[PDB]
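Colleague: One structure is given below, represented as structure tokens, and several questions about it will come after.
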Amino acid sequence: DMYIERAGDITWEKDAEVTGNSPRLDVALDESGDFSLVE
Amino acid sequence: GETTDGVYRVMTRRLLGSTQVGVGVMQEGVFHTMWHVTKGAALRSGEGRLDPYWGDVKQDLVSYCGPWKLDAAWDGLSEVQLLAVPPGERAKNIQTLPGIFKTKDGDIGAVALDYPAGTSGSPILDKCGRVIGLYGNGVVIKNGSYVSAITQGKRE
Ligand SMILES: Cc1cc(CO)c2cccc(NC(=O)[C@H]3C[C@H](N)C3)c2n1
């Protein structure tokens with residue numbers, strides 16, 4: 001049986017760690033809401 | 001229960017100790033998370049009970065106490081912030097320029113950041129602080145690394 005606890009406000013934080021790339025991906029979405037790579 | 005706007009952890013005791021299964025957003029009295037986190041189960045906010053109101057397994061979204069409220073969209077150009085809330089660890093912004101999921105039905109923002117599954121439901125923000133979608137439904141690429149979609153609902 002699941003419960004929720006607060007973890008913060010929702011705010012943009014200037015000089016946060018900038019990271020990760022920007023890939024363009026061909027994907028399909030099935031009826032179970034799972035994405036897959038088209039190839 | 002606590003209805004203050006903000007980001008929350010989704011906890012269960014049904015397993016060993018207390019386990020973080022996901023994350024969500026409280027806005028305008030409605031709690032927003034991903035369907036695979038709760039499976040549409042009711043939630044507790046202290047002594048308050050939260051009852052599912054809307055949900056769609058294909059969108060992998062669900063809302064509690066009212067209709068989906070978050071209607072902000074990636075502009076297609078700007079960097080975003082993932083407000084990650086990992087299990088056992090403090091909330092932490094991570095700035096990134098999102099990639100693209102190309103599908104037969106149109107193009108979706110994507111973020112290339114790998115976090116634990118229990119981070120699912122963490123929101124993604126624009127520069128004005130508005131939630132443009134939730135993290136936790138995506139794909140594993142040639143490498144072995146994870147890429148989440150930017151998943152956004154419709155506000156009626
Ligand atoms: C294999 C894997 C890995 C990570 C991190 O490494 C994940 C991180 C967050 C969410 C996941 N799950 C999903 O994308 C959806 C697919 C279902 N609807 C749940 C993750 N799956």
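The chains in the structure tokens are called A, B, ... from first to last as shown; in each chain the residues are counted from 1, and the ligands are counted from 1 in the order shown.
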Residues of chain B within 6 Å of chain A, counting only C-alpha atoms, what are they? List them as a PyMOL selection string.
Modeller: chain B and resi 6-12+43-45+57-58+60+94-96+98-103+112+129+138
Colleague: Store the residues picked out above, limited to N, CA, C and O atoms, as a compact mmCIF listing (two decimals), in the first residue's frame.
Modeller:
# COMPACT_ATOMS: atom_id res chain seq x y z
N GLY B 6 4.30 20.72 -5.47
CA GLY B 6 5.73 20.33 -5.44
C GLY B 6 5.91 18.91 -5.88
O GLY B 6 4.96 18.32 -6.33
N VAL B 7 7.10 18.37 -5.71
CA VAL B 7 7.48 16.99 -6.14
C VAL B 7 7.50 16.06 -4.92
O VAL B 7 7.96 16.48 -3.85
N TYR B 8 7.02 14.83 -5.08
CA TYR B 8 6.90 13.84 -3.99
C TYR B 8 7.47 12.50 -4.42
O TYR B 8 7.38 12.13 -5.59
N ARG B 9 7.97 11.73 -3.46
CA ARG B 9 8.39 10.32 -3.65
C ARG B 9 7.17 9.42 -3.50
O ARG B 9 6.28 9.73 -2.70
N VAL B 10 7.19 8.31 -4.23
CA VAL B 10 6.15 7.26 -4.17
C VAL B 10 6.81 6.04 -3.51
O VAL B 10 7.67 5.40 -4.14
N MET B 11 6.36 5.75 -2.29
CA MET B 11 6.93 4.75 -1.36
C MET B 11 5.94 3.60 -1.18
O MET B 11 4.74 3.87 -1.17
N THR B 12 6.44 2.37 -1.03
CA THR B 12 5.65 1.21 -0.54
C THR B 12 6.41 0.54 0.61
O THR B 12 7.66 0.54 0.54
N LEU B 43 -3.36 5.75 -3.13
CA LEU B 43 -2.16 6.24 -2.42
C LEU B 43 -2.59 6.89 -1.10
O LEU B 43 -3.73 7.36 -0.99
N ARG B 44 -1.68 6.95 -0.14
CA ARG B 44 -1.92 7.57 1.18
C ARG B 44 -1.06 8.83 1.25
O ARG B 44 0.10 8.81 0.77
N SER B 45 -1.63 9.93 1.75
CA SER B 45 -0.89 11.16 2.11
C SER B 45 -1.04 11.40 3.61
O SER B 45 -1.85 12.26 4.01
N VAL B 57 -2.80 3.54 -19.87
CA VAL B 57 -1.60 2.65 -19.98
C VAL B 57 -0.76 3.00 -21.21
O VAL B 57 0.46 2.75 -21.16
N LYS B 58 -1.35 3.52 -22.28
CA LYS B 58 -0.56 3.72 -23.53
C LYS B 58 0.28 4.99 -23.38
O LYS B 58 1.49 4.94 -23.71
N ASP B 60 1.13 5.96 -20.56
CA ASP B 60 1.81 5.60 -19.27
C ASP B 60 1.69 6.76 -18.29
O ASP B 60 2.70 7.03 -17.61
N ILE B 94 19.22 18.64 -13.17
CA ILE B 94 20.25 18.27 -14.19
C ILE B 94 19.83 18.92 -15.51
O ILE B 94 18.80 18.52 -16.07
N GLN B 95 20.56 19.94 -15.94
CA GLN B 95 20.27 20.70 -17.18
C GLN B 95 20.77 19.88 -18.38
O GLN B 95 21.76 19.14 -18.21
N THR B 96 20.03 19.94 -19.50
CA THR B 96 20.25 19.12 -20.72
C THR B 96 19.45 19.74 -21.86
O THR B 96 18.50 20.47 -21.56
N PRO B 98 17.27 18.36 -24.85
CA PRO B 98 16.64 17.08 -25.13
C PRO B 98 16.89 16.67 -26.60
O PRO B 98 17.00 17.55 -27.45
N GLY B 99 16.98 15.36 -26.84
CA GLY B 99 16.91 14.72 -28.16
C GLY B 99 15.47 14.59 -28.66
O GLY B 99 14.62 15.39 -28.22
N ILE B 100 15.25 13.66 -29.59
CA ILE B 100 13.96 13.46 -30.33
C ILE B 100 13.66 11.95 -30.41
O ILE B 100 14.56 11.17 -30.80
N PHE B 101 12.45 11.55 -30.05
CA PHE B 101 11.84 10.28 -30.50
C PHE B 101 11.02 10.57 -31.76
O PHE B 101 10.08 11.38 -31.67
N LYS B 102 11.42 9.99 -32.90
CA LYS B 102 10.66 10.05 -34.18
C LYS B 102 9.77 8.80 -34.24
O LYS B 102 10.33 7.66 -34.18
N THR B 103 8.45 9.01 -34.31
CA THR B 103 7.39 7.96 -34.42
C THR B 103 6.48 8.32 -35.59
O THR B 103 6.34 9.53 -35.89
N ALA B 112 18.50 12.15 -22.54
CA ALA B 112 19.51 11.08 -22.37
C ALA B 112 20.17 11.29 -21.00
O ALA B 112 21.17 12.03 -20.93
N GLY B 129 10.11 27.42 -15.06
CA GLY B 129 9.78 26.48 -13.96
C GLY B 129 8.57 25.56 -14.19
O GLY B 129 8.34 24.67 -13.35
N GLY B 138 10.83 5.15 -21.64
CA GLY B 138 11.82 5.25 -22.73
C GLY B 138 12.43 3.91 -23.10
O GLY B 138 11.77 2.87 -22.85
Colleague: What residues of the protein or nucleic acid chains come within 6 Å of ligand 1 when you use only C-alpha atoms and all ligand atoms? Reply as a PyMOL selection string.
Modeller: (chain A and resi 33-34) or (chain B and resi 36+114-117+120+136-139+146)
Colleague: Running DSSP on the backbone, which parts of chain B land in strand (DSSP E or B), as a PyMOL selection string?
Modeller: chain B and resi 6-12+19-27+30-33+43-45+48-50+52-56+61-64+80-84+92-96+99-103+106-111+123-125+131-134+138-140+146-149+151
Colleague: Residues at most 12 Å from residue 134 of chain B, counting only C-alpha atoms, excluding those fewer than 3 positions away in the same chain, as a PyMOL selection string?
Modeller: chain B and resi 7+22-25+32-35+37+59-62+70-74+81-85+109-111+119-125+130-131+137-138+148-153
Colleague: Between atom CA of residue 141 of chain B and atom CA of residue 39 of chain B, what is the spacing in Å?
Modeller: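 Going from atom CA of residue 39 of chain B over to atom CA of residue 141 of chain B, I get 25.8 Å.
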